[PDB]
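Examination of the molecular architecture
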Amino acid sequence: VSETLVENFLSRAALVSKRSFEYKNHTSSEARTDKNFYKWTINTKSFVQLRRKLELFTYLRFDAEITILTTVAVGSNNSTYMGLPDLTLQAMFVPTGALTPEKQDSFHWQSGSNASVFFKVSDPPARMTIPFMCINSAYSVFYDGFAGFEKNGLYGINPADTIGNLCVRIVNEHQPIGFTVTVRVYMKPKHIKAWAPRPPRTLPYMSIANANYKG
Amino acid sequence: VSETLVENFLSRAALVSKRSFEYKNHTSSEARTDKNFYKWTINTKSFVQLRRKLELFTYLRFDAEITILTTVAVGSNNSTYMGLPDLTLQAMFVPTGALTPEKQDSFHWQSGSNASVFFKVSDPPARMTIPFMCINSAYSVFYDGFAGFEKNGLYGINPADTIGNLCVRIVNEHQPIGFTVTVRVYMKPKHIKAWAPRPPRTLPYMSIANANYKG
Amino acid sequence: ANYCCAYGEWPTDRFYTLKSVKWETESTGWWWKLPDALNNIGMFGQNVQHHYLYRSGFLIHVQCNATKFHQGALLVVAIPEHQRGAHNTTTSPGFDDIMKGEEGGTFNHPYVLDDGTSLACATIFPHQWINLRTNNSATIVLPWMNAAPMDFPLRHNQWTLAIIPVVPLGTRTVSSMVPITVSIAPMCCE
Amino acid sequence: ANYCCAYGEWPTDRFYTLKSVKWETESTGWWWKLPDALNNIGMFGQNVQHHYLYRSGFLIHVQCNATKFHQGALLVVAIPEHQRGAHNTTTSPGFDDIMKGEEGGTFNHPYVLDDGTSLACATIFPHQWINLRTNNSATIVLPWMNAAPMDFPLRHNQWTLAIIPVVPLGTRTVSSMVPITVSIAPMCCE
Amino acid sequence: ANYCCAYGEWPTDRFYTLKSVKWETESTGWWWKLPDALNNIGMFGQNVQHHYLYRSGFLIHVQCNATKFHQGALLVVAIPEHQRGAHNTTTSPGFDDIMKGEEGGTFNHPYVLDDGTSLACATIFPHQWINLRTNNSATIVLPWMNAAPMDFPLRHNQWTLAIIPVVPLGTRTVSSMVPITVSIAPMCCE
Amino acid sequence: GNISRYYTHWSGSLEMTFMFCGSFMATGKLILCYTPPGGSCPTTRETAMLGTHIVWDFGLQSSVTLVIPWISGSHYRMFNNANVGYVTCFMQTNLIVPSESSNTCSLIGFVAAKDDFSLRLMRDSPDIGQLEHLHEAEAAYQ
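So, here is what we can say about the structure in this document. (Residues numbered from 1 in each chain as written, not as in the entry; some residues may be left out. Chains lettered and ligands numbered in written order. Part of a larger assembly, values for the part shown. Heavy atoms only, no water.)

1. Observations concerning the overall build of chain F
The helix and strand inventory of chain F stands at one helix and nine strands. Element order for chain F, N to C, with α for helix and β for strand: β-β-β-α-β-β-β-β-β-β. A globule of 142 residues ought to have a C-alpha radius of gyration of about 14 Å, yet chain F, at 21 Å, is considerably larger. Along the first, second and third principal axes, the C-alpha set of chain F runs to 70 × 40 × 30 Å. Per element, the accessible surface of chain F, about 6900 Å² overall, is 57% carbon and sulfur. (Helix = DSSP H or I, 4+ residues; strand = E, 2+ residues; numbered from the N terminus. Rg over C-alpha atoms; globule rule 2.2 N^0.38 Å. Areas by Shrake-Rupley, 256 points an atom, 1.4 Å probe, with all protein chains shown as cover.)

Pasting the structure below:
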C-alpha cells in the first residue's frame, strides 16, 4: 500500500528538458541566445507523461530536485581523438522577479544573488533542490482565471507559481576547438502534497498552455 | 559449517553476460538493435556452472545484485593513442510488463518509470540490487507446466518469474571516432532461500529452455 | 434535504435564483462559474465590485419540475478550477466565452467535459445524481477552494457548477421540456 | 501402515484406484502426474473442470501382489515439479507426451529420470522402497508443493509419482508378471 | 413479504426462476407440478435423477409486473395431489399431458379446475390473492405433503401450483399483457 | 482502469452499481449473472440462471449493487505467452410502461474498487496518447 502513495506515485525523476548547444568561438553574432548557453523556464507541463500524472490533481506543493547530466562529443574529427578537455559549466537558478542572462558573458552570470553551481564535465552530475517557490500555499495545476487585471490576460496562466528560470553556460573562454555539449535536466519532486483529484486526461494535448483537446 | 550454508554456496558473483558492441556513427541502419546499445533478458540459466548450482533446488527466492564493468579499446589505430574519451553509459532495468527500447534514441530511454543508472567509464563499476521480482512467493527453477492457457504454450516456461530485461547504451552522441566497448555483467544473488533439493545434473545440457539430455 | 458537503468540509441565505433553464431531449448541459454568476446581482455583486477582495463558500440547490411520466438523469457536479479548453484550435478560450455571467454557458462536448478529460470519471468531484424516477432536487455545499487565503472575484472563478443530462429526457411525445431551477446562496460573503 | 510424510509436513478418502500396471522383467518404470491423473475422474475431476482454481494435498498408496518366490525392488518416489526432457532433440516435450491423464507414462531412461539427473540421487525426494522379500506396499503423503498460494490444475502438475524397478522382477520362469496397484486420495480437494 | 404457510406448517435458496408467462385478457391459467418443474434444472434436478429418492418442502414466489392503470385478480393456489382429468373421454390423461416439465401447462376449464370440482371452492387449498390494485406478489410455503415418508420424484407430483385469473386483465386498449414471474426454492432438497 | 494502467500487478475486488433511469411507473425484471474467470460467458437466460445471479426488479428498486469477488489479475493470464470473468444482463420479462411514458428506458452502470484493492510495480501508462511534441513548447523556454 506504500507504493501507491501520492509521494511515491509522483516522486520519480524525469527528463524534463534536454537541449544541446554548440560553443565554437562564438565571437560573432551567430545563434543569438544560443552562442554558448541555453535557458529553460522551469515548467512541469513539458512532457506528456508528467503532464498527465500531475494533472490528476488540482493543487500541488512540492520541492523540485534538479540533477544535470552533461556529455561532450564532436563529429568533425578535424584532428586526433586527443580526448575531451574538461570544461566547467555554470548553472544559475534565476527565480521569478529576477533578470535572466541574455548572452554568455552577461553580468547577470555574476549576480551574487541568484544561486549558481559550478561543476566539471568529469565530475558526477550536479544536484540542487529548488524549494517551494510560490506566493500561494500550493501550485495551481489548473487555473480557472486570467493573469492580468486587463481583459487581455491569458486564460489559465497564474501569475503566481512560476518556479523560475534555469540557465546553463560554459564558463571556460572559447577554446580553439569547438564542441557540442548536451545537458540533460532531471527533475524529481519531493515532499509532495496533493489536493482535489481530477479525471485523467483522455484526449491528446494540443498545447503546453491550454487544455485544448482534439475531437 | 558456515561455508556450506545455502547462502554462501549460491551467493557468488558470476559473469552472467558479456557482450561488446560497436558504436561508430551509426546514423545508418547498420546492425539494427546493435547500433549503439545491447539488451539482455535477466535469466540465470545462461552459464552451465550457475545452471547446475541453481538446479539443485526446486524453488528459489533471492535478490540479484548487478555490477557492470565496462572497458573501451580500439584496434584500428587510425590516429595517435590520444587516450580514450570518457563516455557516459546508461543502464536501464526494464521489468516485466514494460516496454524495452528498440533503438539507441528511443523515447523509452527517458521513460521516468524504469529505473536507470548513469555512469562513466572512468568511474568504478556501477552496482544495483534488483529485488525479488515475482508474483509468486519463489522463483520456479523447474516448472512442470505450460505457460499459456492454449495448448500451444511452452513447457517449463513459467509466465511468472521473468525477472526483467536489462538494456545498456552509450549516452554520448556519436563522436567522430568509433569505438568498441565491452560490458561485463556480474550477478550475485543475495538473501537466498531454497526449497526441495534435487539430484544434480549429470548429462550435458542441450538447450537453455529445456531439460533435454544427450544420451 | 440530503445535502452534499463537498470534500467533507462545512464552512447569507439570500439564495439568488437564476433564470430557469429548459431541459430538452437534445440538451447537452449547462454550467455556471460561481464567483462570476453572482458578480452582477444583489449585495454580493455590489460588495464584489466595491472591494478588491472576496472570501466565502457557497450553497447550491438544483431543482427540477417534472411529472411521474418523465424520465432522465442529471449529473450535478461542482468542478474546482474548471479550466476550459477549445475544440479545434491551439488558442486559449477568451474572456467573452469564459465569463458568461449569471446567464451561464452550455457544454459543447459534455463527454469530455470541454476539458479533454472524461465525463465518466467526473464523479470524483463533489456531485449529486438527479434521477427523475427517484428524486428531483440536489444540494451541494462548497468550501473555500483556493490555494491563496485571499482572492480576486473579478478574475478567478474558484468553482464551476455543471449540470449534465447523462440520460436524455424522454416522454411519449417526441418533444419534451422540464424546467431546471438553480439557486446559489453565498455564505459569509466578503 | 508405515506411511511417509513428505518433507515432514502433514496437510476426500475416495482413493481413486487406477488400472493396475503389469510389472515385467523388462519394465523400465511408470509415472503419473498427480493433478493430471485425477483431472478426468470422480468429483475431483468434475470440480477441477468446474472451477478455474484448485488447492489440495495428496495421499498415495502403492501395492504389489506377488508370492514369496518373487524377487525385485521398486523405488516409489514423488518428484515435485518433474519437468521432463527429450532424449535426442532440442525441442521441448509436447502437451500430448506430457499430459498422459490417468493412464500415465513410462520412463524412457529411468537411469537419468528422463530429466538428465541421476536416479541414484533420486532418494533425496520423498520416497519409499518396495523390496518384495520384506514388503509389498508403500504409502506417501504429499503436501501442497506450490510457490503460489493458488494454482491452475489443468496447466501445472505439482507432483509426479514415479515407480521405477531398480532390481528387475525375477522368478524361475523367464517370463514374470506382478500387478501393481496405485490409489490416490486427494485431501481437502478444491 | 407476507408469506402464506400452507396448513400452518413450516418445514436451498436457489430460487429457480421459470420463464415468465404472459397474462393476456383471454388467458385461462397456468399450472406447474412442483417436483416435475425442477426435475430438469439445477442441482435439484441433478440430485433427483442421481438418486431414486427425494424428500423436501417448497417455497413459491409469484410476482406480476403491471402499472397502476392495469386491473385484474389472480388466484395463486397450491393443490396437493391435483389428479387431473380429461374433458370428453373415459381414458386417463397420459404421461405427455401430465408431466409438462418446467414449461408447465394451461387450464382447459379453470371453472372446474380440470378435475371436475369447483374453482369457487378452491380457496380451501393453500392460496393467496393477487389483486393488481392492492398487491402484485404472492408467497406460499409448502410442507412435505406425502402419505409415505419417502417418495419417487420422477413418478409422483406432490404439489401443483396453479395461477388462475379470476378477473380478466384489462386496460383501455383491447389488448393487454402483463408478465408473471414464478420462482420456486426447494428447501432441504434430497 | 486509468489508475491501474499506471501499475503492473493489480489485485482486489470490484463493486458494480447499476441504475435504472426510466419513468416512475416503468416495470420489469432483469437478471444480472456473474461468471467466474474459469468459465464461459453465458449466452441464454436459463444457462445464466444456473450460476450466481441476481433477479433485479427495477419497477421496485432503481439501483442494484453487485460485488465482484476478489480477483488477482497478475496470476490470471497477463501476457503469459482475457477470460478473467464476465458480468452479463438478461431481460427476464418485458418492459411495461404507461401509455404517457417513453417506450425506451436506459441503464447506467458504475464501477468502484473495494478497500482490499492493491497495485504494485508502477510503470508508464500507455493511454496518454504517446509522446507528441506540443505547440508553444520551444517558444516557452527558449
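There's more to say after this.
2. A few points about the overall build of chain A
If you tally the helices and strands in chain A, you get two helices and nine strands. Starting at the N terminus and ending at the C terminus, chain A contains elements arranged as α-β-β-α-β-β-β-β-β-β-β. With respect to the principal axes defined by its C-alpha atoms, chain A has extents near 60 × 45 × 40 Å. With 215 residues in all, chain A has 55% of them scored as buried. Counted over contacts in chain A with a minimum sequence separation of 6, partners at least 24 positions apart contribute 77%. Of the accessible surface of chain A, which amounts to about 9300 Å², a share of 56% is contributed by carbon and sulfur atoms. (Buried < 20%, exposed > 50% of the residue type's maximum accessible area, 1.4 Å probe, protein only. Contact = heavy atoms within 4.5 Å.)

3. Structural notes on the interface of chain C and chain A
Interfaces are often sized by the amount of accessible area the parts lose when they come together. Contacts between the two partners involve 40 residues from chain C, matched on the other side by 34 residues from chain A. Regarding the contact of chain C and chain A, the summed buried area is about 3300 Å², with carbon and sulfur atoms giving 55% of it. At the surface where chain C touches chain A, the tally comes to two salt bridges. As a salt-bridge pair, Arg198 of chain A and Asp115 of chain C come within 3.7 Å of each other at their nearest N and O atoms. (Buried area = accessible area lost by both parts, 1.4 Å probe. Salt bridge = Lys/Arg side-chain N within 4 Å of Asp/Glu carboxyl O.)

4. Let's talk about the sheet that holds strand β5 (residues 63-67) of chain F
Residue and element names in this part refer to chain F. Taken together, the three strands give an open sheet; going across it, the order is β5-β2-β8, and neighbouring strands pair in antiparallel fashion. In this open sheet, the two strands that pair with only one neighbour each are β5 and β8 (107-113). Between one strand and the next, the sheet's axes are offset by a mean angle of 20°, whatever the strand orientation. (Pairing = 2+ DSSP bridges. Axes fitted to C-alpha atoms, helices over the stretch in contact; angles between N-to-C directions.)

5. Points about the interface of chain B and chain D
Every contact between the two is made by 34 residues of chain B and, on the other side, 40 residues of chain D. Both sides of the chain B and chain D interface together cover about 3300 Å² of buried area, and 55% of this is carbon and sulfur. The interface formed by chain B and chain D contains two salt bridges. Secondary-structure elements contributing two or more residues to the side of chain B that touches chain D are β3 (57-73) and β9 (180-197) of chain B. Among the residues forming the side of chain B that touches chain D, the class breakdown is 16 nonpolar, 12 polar and six charged. (Nonpolar A, V, L, I, M, F, W, Y, C, P; charged D, E, K, R; others polar.)

6. What to know about the nonpolar core
Counting residues in each nonpolar core, the largest one holds 55 residues, and the members touching the most others are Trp40, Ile42, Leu60 and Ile66 of chain A. It is strand β3 (residues 57-73) of chain A that contributes the most residues to this core, seven residues altogether. Setting aside residues no more than four positions away along its own chain, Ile66 of chain A makes contact with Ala126, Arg127, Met128, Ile130, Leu166, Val185 and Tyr186 of chain A. Within the second largest apolar cluster, 43 residues are counted, among which are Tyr23, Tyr38, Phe119 and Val181 of chain B. (Core = buried A, V, L, I, M, F, W, Y, C linked by side-chain atoms within 4.5 Å.)

7. Some thoughts on the arrangement of the chains
What separates chain C from chain D at the closest point of their C-alpha atoms is a distance of 32 Å, and the two make no contact. The two units chain B and chain E are non-contacting; their minimal C-alpha-C-alpha distance is 29 Å.

8. Quick notes on helix α2 (residues 42-50) of chain D
All names here are of chain D. Listing the buried residues of α2 in full gives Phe44, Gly45 and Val48. All buried residues of α2 lie within an arc of 95° about the axis, which places them on one face of the element. Packing partners of the buried residues in α2 comprise β2 (16-17), α1 (34-37) and β5 (58-64). (Arc of directions from axis to C-beta.)

9. Re the sheet that holds strand β4 (residues 88-95) of chain B
Residues and elements named next belong to chain B. Strand order in the open sheet formed by four strands is β2-β8-β4-β5, and the pairing between neighbours is antiparallel. Looking at the sheet topology across the chains shown, the edges are occupied by β2 (37-41) and β5 (115-120). Averaged over neighbouring strand pairs, the angle between their axes works out to 15° when direction is ignored. With five bridges connecting them, β2 and strand β8 (residues 164-170) associate as antiparallel partners. Across the sheet, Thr41 pairs through a bridge with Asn165, a residue of β8.

10. A word on the pairing of strand β8 (residues 164-170) of chain A
Residues and elements named next belong to chain A. Along β8, seven of the seven residues are buried, which leaves the element largely enclosed by surrounding structure. On β8, burial covers both faces: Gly164, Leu166, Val168 and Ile170 on one face and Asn165, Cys167 and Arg169 on the other are all buried. Inspection of the sheet shows strand β4 (residues 88-95) paired to β8 by seven bridges, in the antiparallel sense. Across the sheet, the residue bridging to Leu89 is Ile170, located in β8.

Just distances and angles here, no functional claims.
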